[PDB]
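Peer 1: Dropping a structure here in structure tokens format, bear with me for questions.
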Amino acid sequence: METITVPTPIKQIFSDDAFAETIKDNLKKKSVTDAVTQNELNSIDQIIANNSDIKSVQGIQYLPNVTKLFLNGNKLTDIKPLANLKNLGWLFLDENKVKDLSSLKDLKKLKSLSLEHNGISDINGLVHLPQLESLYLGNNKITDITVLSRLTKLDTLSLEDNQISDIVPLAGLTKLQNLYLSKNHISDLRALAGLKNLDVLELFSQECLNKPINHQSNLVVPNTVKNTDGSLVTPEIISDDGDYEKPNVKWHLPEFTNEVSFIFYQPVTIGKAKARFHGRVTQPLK
Amino acid sequence: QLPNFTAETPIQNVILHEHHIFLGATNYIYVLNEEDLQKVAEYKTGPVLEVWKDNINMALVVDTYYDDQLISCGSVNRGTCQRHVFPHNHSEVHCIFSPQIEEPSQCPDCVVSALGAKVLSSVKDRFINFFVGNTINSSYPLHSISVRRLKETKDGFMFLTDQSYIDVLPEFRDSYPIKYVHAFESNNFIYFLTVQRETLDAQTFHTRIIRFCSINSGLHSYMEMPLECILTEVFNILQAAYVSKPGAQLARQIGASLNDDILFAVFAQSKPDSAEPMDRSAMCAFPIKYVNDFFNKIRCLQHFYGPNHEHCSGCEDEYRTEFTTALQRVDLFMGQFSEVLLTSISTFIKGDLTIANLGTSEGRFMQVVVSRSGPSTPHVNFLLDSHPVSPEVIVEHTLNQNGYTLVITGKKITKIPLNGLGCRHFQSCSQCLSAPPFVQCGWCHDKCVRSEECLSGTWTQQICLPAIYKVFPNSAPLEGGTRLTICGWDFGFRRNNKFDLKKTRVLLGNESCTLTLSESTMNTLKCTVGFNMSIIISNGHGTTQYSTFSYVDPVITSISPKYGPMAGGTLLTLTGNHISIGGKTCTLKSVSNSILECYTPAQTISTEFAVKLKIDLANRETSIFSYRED
């Protein structure tokens, strides 16, 4: 619905100096003071503005035919301008601070979205994109993920480096293929038991924790880790004179320590993917 | 291109005493200069006379304790050692050899076996002890394992006890030998990594660690234990090993501290029932402290004592023991080197990264960032020469971390820096940012160069755009889902140092394309499709196009000959733009876009059949061919 009827300079359209220059270079223009028409704005299909220090994309509404956006490495904190870009296909807003992802609600032509490094806590807004085909929510603070249960089109999916403890929601995503669950708090694995179409997987470097236990001279905490079949993954390297007497890891702790740990390892193969489930379980002491 | 040096003969051992390299080679012991690999002095041990025999060096050891001196150990005179009293600031050579009036039954000065041996030096308790591992076959004095100390007179050696040495009994003398791969000192204990039988007469081979605390003349806690490198399939034969500290990153994945020793060891799955290694190499690290826990967990040794006799606590006549339960880790490289033979291993730390440079049975040298996570591509990879790299290497640390490993390849020992070969030797843009955090490169429009060395305003460490060189095929069937191979540069995303095809998407015209990521690389993209459209490729930053790909309609104009041999064997020619008639496939002779030649299947029929093209889309059954008896 956004249509400039009169020839207007690019400086006035996009209020942000950075994003204005971007469009300028895109349109082979001489300066931001050059006038532009709505026809010239319509023919803009792909903007490439990674690391442009762009703080706002106000004015993008006048580019209805934009289906490629690259804005990684910016200062973007709002995505209301994008809220009504009809044909937006690919979008990449990494290393920003976009959080009100609800602003994408009516982007039913969006395929590949990327929002890593955005300090995102909640992601529930994504429910309004059952058409998504490539999600990229790595490097964040995501806890719950039950939302993803409905993104049943994603053939790709990041999620590395968050705080995902429960991955069960991913269960029915059988149309998946490239899953990335590194750097999380993945204890269980029975969840992905059905991803019979996987091709690439990364279940690496989990950092699970257990609720604090009262330290004794003789301690025994049950193994929590589980494999894809539900078998107690056998602890690779235990710490502090720790031995694994299935299913309980036992310790001989004369004096008081703050915690014990046991790094594990257990290469798994799901469907057609061959990854290696690795991590470090830790137990508080008092 | 880099500092090199080659001798008259192959270099067996290398050591470095104060800005001077020492190369114990065949018939020679060269003395190079640390700065430029410049040969300064040398000593000719030469081809000695037993008959005439080559003097293959078997050990180099220097000790400035008494006085500054090198001690070489030949292979001709019962593996005897000789002294080398240094000049003053840099001839003059003695010889270690007394007589055995003590009793001729033994020979403390006959140090090294010519069939492989490793020697360690330590100044334990006022004296210079020598820890010797000898591989022995049937022949008449020469201990397989021995703690002979040196005398203050500096002209011979002397043991201290009946049990200051362990010897493989005569009946097992030649049967199943013990190849000594490497040895080191750690935590007051002495270790030896060896390849051998699994047990007495057992066909396949093994690999074990050996520990014993020594005092005066030790062997008091002697004790073997199996070491198995697996991935999720045993790699028995040990190929080389090196002991350093863990990079801060590696210290999280293996539970080791930053100052604890780590036993990096390149293994190798051996051939069927043999000790001959295949070109299939693994590798894993063994925290020395963790190794010292397996030993502290609770069967008689077959070769020292009698296999059929029965026999055998807390140590910072006292007999020796073996272990039934093998200590084992997993391949750290996930077996990235599954089809290559690794020969050398060296490990240093630059920050958190634990880079370890490797050698190959083909002279391939490479510095790979060690990590459980991803088997990072060697940011340094090339060929020294057709001669396989030697496990013998030196790791030297200088101020502000310059460093260099001395790698040997036959006769040529080259001086390679740890900082990598600069940024100049990087080929593509993606590869220019794949270099570690410390290198500080920056792809500059066309070439890769250092930071402030960018001629134009296109220097960056993130933005790498795609580029399509060529695609195969150039066309496709109407509905068919042909496979696509798209070769180019820069298809991976940047971060954590590594690059993957995560944010890699292919777009054919308007129809989104499906990538099989496993089969795709940073340069080779394999997609499966299904007009005169264009192809698009996004690597998360930008995209490229390629407007040759067409969706032509395969059609068969005419076919000749129209009739043929009842049996069948005539050349059938098709015209137009995976042939099989009557069901049972015929054969293709010459393919084209205009003409096809095929040999008809000798079918057991006498009727006519439709000729079916199956180019991903089963197409025209043009003019029917007729089998008829003449």
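In order, the protein sequence lines correspond to chains A and B. In short: position in the first sequence from 1, add 34, done, that's the deposited numbering. So the second sequence is residues 42 to 91, 111 to 150, 156 to 205, 210 to 301, 312 to 377, 384 to 397, 407 to 410, 414 to 627, 634 to 680, 689 to 741, counted in the deposited numbering. C-beta atoms are modelled at their ideal positions from N, C-alpha and C, and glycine is treated no differently.
Express the C-alpha separation of residue 153 of chain A and residue 304 of chain B in angstroms, rounding to a whole number.
Peer 2: Within the gap of chain B, which runs from 301 to 312, lies residue 304 of chain B, and it has no coordinates in the structure.
Peer 1: With 8 Å set as the bound, which would you pick, yes or no: does the beta-carbon of residue 72 of chain A sit closer than that to a beta-carbon of chain B?
Peer 2: By the rule that beta-carbons nearer than 8 Å mark a contact, residue 72 of chain A does not touch chain B.
Peer 1: Compile a chain-ordered list of the residues in the stretch 324-335 of chain B whose CB is closer than 8 Å to at least one CB of chain A.
Peer 2: 331, 332, 333 and 334
Peer 1: Residues of the stretch 599-618 of chain B with a CB closer than 8 Å to any CB of chain A: list them in chain order, please.
Peer 2: 599, 600, 602, 609, 611, 613, 614 and 615
Peer 1: Can you say whether residue 338 of chain B is buried or exposed, counting buried as having 16 or more other CB atoms within 10 angstroms of its CB?
Peer 2: exposed
Peer 1: Between residue 657 of chain B and the rest of its own chain, which residues show a CB-CB distance below 8 Å, the 5 nearest in sequence each way excluded?
Peer 2: 574, 575, 679, 680, 724, 726, 728, 730 and 731
Peer 1: Which residues, in order along the stretch 635-668 of chain B, keep a beta-carbon less than 8 Å from a beta-carbon of chain A?
Peer 2: Those residues of the stretch 635-668 of chain B that come within reach of chain A (Cβ to Cβ, closer than 8 Å) are 641, 643, 644, 645 and 646.
Peer 1: Just to confirm, is the Cβ distance from residue 306 of chain A to residue 232 of chain A under 8 Å?
Peer 2: yes
Peer 1: Does the beta carbon of residue 198 of chain A sit closer than 8 Å to a beta carbon anywhere in chain B?
Peer 2: no
Peer 1: Could you check which residue in B:393, B:293 and B:327 has the C-alpha nearest to that of residue 450 of chain B?
Peer 2: B:327
Peer 1: Tell me the residue span of the alpha helix (DSSP H) that contains residue 330 of chain B.
Peer 2: 329-332
Peer 1: Return the chain-ordered list of same chain residues with a C-beta closer than 8 Å to the C-beta of residue 284 of chain B, the five sequence neighbours on each side being excluded.
Peer 2: 189 and 190
Peer 1: Would you please state the rounded distance, in angstroms, between the beta carbons of residue 162 of chain A and residue 131 of chain A? I believe it to be under 8 Å.
Peer 2: Contact doesn't hold; Cβ gap of about 21 Å is too wide.
Peer 1: Less than 8 Å between the C-beta atoms of residue 551 of chain B and residue 541 of chain B, yes or no?
Peer 2: The answer is yes: Cβ separation under 8 Å.
Peer 1: Between the beta-carbon of residue 63 of chain A and the beta-carbon of residue 81 of chain A, is there less than 8 Å?
Peer 2: Contact: no.
Peer 1: Would residue 559 of chain B count as contacting chain A if we go by Cβ distances under 8 Å?
Peer 2: By this cut-off, residue 559 of chain B is an interface position.
Peer 1: Going by alpha carbons, who is nearest to residue 65 of chain B out of B:75, B:133 and B:659?
Peer 2: B:133
Peer 1: Does DSSP put residue 293 of chain A in a helix, in a strand, or in coil?
Peer 2: strand
Peer 1: At a Cβ cut of 9 Å, what residues of the stretch 263-280 of chain A count as close to chain B, listed as they run along the chain?
Peer 2: 270, 271, 272, 273, 275 and 277
Peer 1: Are there 16 or more other CB atoms within 10 angstroms of the CB of residue 248 of chain A, so buried, or fewer, so exposed?
Peer 2: exposed
Peer 1: For residue 297 of chain A, which residues in chain B fall below 9 Å Cβ to Cβ?
Peer 2: Result: 331, 332, 333 and 334.
Peer 1: Taking only beta-carbon atoms, is residue 159 of chain A less than 8 Å away from chain B?
Peer 2: no
Peer 1: Between residue 311 of chain A and residue 216 of chain A, what straight-line distance do the alpha-carbon atoms span, to the nearest angstrom?
Peer 2: Residue 311 of chain A and residue 216 of chain A have their C-alpha atoms spaced approximately 9 Å apart.
Peer 1: Which residues of chain E have a Cβ atom closer than 9 Å to the Cβ of residue 469 of chain B, listed in chain order?
Peer 2: Absent from the structure is chain E; the protein chains it does hold are A and B.
Peer 1: Thinking just about the alpha-carbon of each residue, which of B:238, B:176, B:49 and B:660 is nearest to the one in residue 388 of chain B?
Peer 2: Of B:238, B:176, B:49 and B:660, the residue nearest in Cα terms is B:238.
Peer 1: Using C-beta distances below 7 Å, list every residue in its chain close to residue 363 of chain A, excluding the 5 sequence neighbours before and after it, in chain order.
Peer 2: Given that chain A is displayed from residue 35 to residue 320, the structure contains no residue 363 of chain A and the question cannot be resolved.
Peer 1: Under 8 Å: do the stretch 56-65 of chain B and the stretch 113-127 of chain B share three or more Cβ pairs, one atom per stretch?
Peer 2: yes
Peer 1: Can you give me the Cβ contacts of residue 299 of chain B inside the same chain, cut-off strictly under 7 Å, excluding the 5 residues immediately before and after it?
Peer 2: 425 and 427
Peer 1: Does any C-beta atom of chain B lie closer than 8 Å to the C-beta of residue 168 of chain A?
Peer 2: yes
Peer 1: Could you tell me which of A:186, A:234, A:243 and A:189 sits nearest to residue 200 of chain A, measuring between CA atoms?
Peer 2: Of the candidates A:186, A:234, A:243 and A:189, the one whose C-alpha sits nearest the C-alpha of residue 200 of chain A is A:243.
Peer 1: Pick helix, strand or coil for residue 159 of chain A, following the three-state DSSP scheme.
Peer 2: helix
Peer 1: Of all Cβ atoms in chain A, is any one closer than 8 Å to the Cβ of residue 313 of chain B?
Peer 2: no
Peer 1: Once the 5 residues before and after residue 631 of chain B are set aside, which same chain residues still bring their CB inside 6 Å of it?
Peer 2: Within chain B, residue numbering steps from 627 directly to 634, and residue 631 of chain B belongs to the interval with no atoms modelled.
Peer 1: Restricting to Cα atoms, I'd like to know which of B:352, B:605, B:320 and B:544 is closest to residue 491 of chain B.
Peer 2: For residue 491 of chain B, the closest of B:352, B:605, B:320 and B:544 by C-alpha to C-alpha distance is B:320.
Peer 1: Decide if residue 376 of chain B is buried, meaning its Cβ has at least 16 other Cβ atoms within 10 Å, or exposed.
Peer 2: exposed
Peer 1: Alpha carbon to alpha carbon, how far is residue 231 of chain B from residue 444 of chain B?
Peer 2: 39 Å
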